[PDB]
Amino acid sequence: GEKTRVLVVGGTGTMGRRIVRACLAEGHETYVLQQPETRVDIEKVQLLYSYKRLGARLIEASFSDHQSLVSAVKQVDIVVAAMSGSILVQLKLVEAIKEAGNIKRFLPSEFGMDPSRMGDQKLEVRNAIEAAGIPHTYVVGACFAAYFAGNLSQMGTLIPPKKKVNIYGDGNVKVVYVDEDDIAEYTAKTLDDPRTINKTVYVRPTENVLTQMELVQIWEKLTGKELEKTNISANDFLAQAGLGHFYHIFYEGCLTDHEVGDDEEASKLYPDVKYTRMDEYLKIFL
């Protein structure tokens, strides 16, 4: 009745699935976009339909069909998108929101490095949102803990090393490690918060701002074993998949080289979210 109605686009994605449940947890009437099947994909289908059992609704639409996008967004108050990074497909979604005219806010697929400090398709999407006058919130500023914490920031894996661990530089650059659930919960709390309309929200829970060497030492403290570390210089690091992102995060320190005010930081805006600290996050791997 007084629920905010939210449409989640990219609902079976890594972040999308968590945003779906977090909107439900917060009591929003939650709608998930159901795209036509491109394959026989049991996992995707069963995930989408498990949302119905939790109280969500599915709306079939296709980005190839402008009027199906328009009809979907007319049923909701707020749209959140979490596409792969696929980003530019949101342009069709923005066009639909503009025509529909009823959307109180649009959260596009961000949830990572703020692209507007990396001087790119996310900015192209931002520019379209703002040219159309669609109220927005941009959620940025955090490494997914699954991609950067559980592996102690090693590449090619998602679990803790047995023995050996590479340290980028001296491992003294501060990075922001956040459990994707908490990013999704922050997103669900912020999407109808009058304080964040037309703002960028930084997800930087204070106790989770850690250097890589700090994260490794949380883990060494849990296992009681010191890992053999070898440090990698910037030049040697600079000597395909994702190596750039890693450089900005761990050498340039792009996630922590600016300060953020409490009126734009998720953990201060939403203090009741007991976000997962990395000593608790890493326990699953013991």
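Note that residue numbering follows the sequence shown and begins at 1.
Modelling of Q240 is missing from a third or more of the other compared entries in which both of its neighbours are modelled. Annotation: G119 belongs to the positions left without coordinates in at least a third of the other compared entries, with flanking residues modelled.
Unmodelled residues of the deposited sequence between neighbouring positions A239 and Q240 number 4 to 9. Per the record, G119 and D120 are separated by 10 or more deposited residues that have no coordinates.
Relative to one another, 160-168 and 139-147 have unequal mean CA B-factors, and 160-168 is the one with the higher figure. Stretches compared: 24-32, 228-236. Higher mean C-alpha B-factor in the entry: 228-236. Sorting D182, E207, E110, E214 by the CA temperature factor given in the entry leaves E214 at the top. Per the PDB record, residue ranking by Cα B-factor puts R126 in the middle third of the chain. Sort the modelled residues of the chain by CA B factor and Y51 lands in the lowest third. For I42, the recorded CA B-factor ranks within the middle third of the chain. Only modelled residues enter the ranking. In the PDB entry, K174 places in the highest third of its chain by CA B-factor. Ranked by C-alpha B-factor against the other modelled residues of its chain, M83 falls in the highest third.
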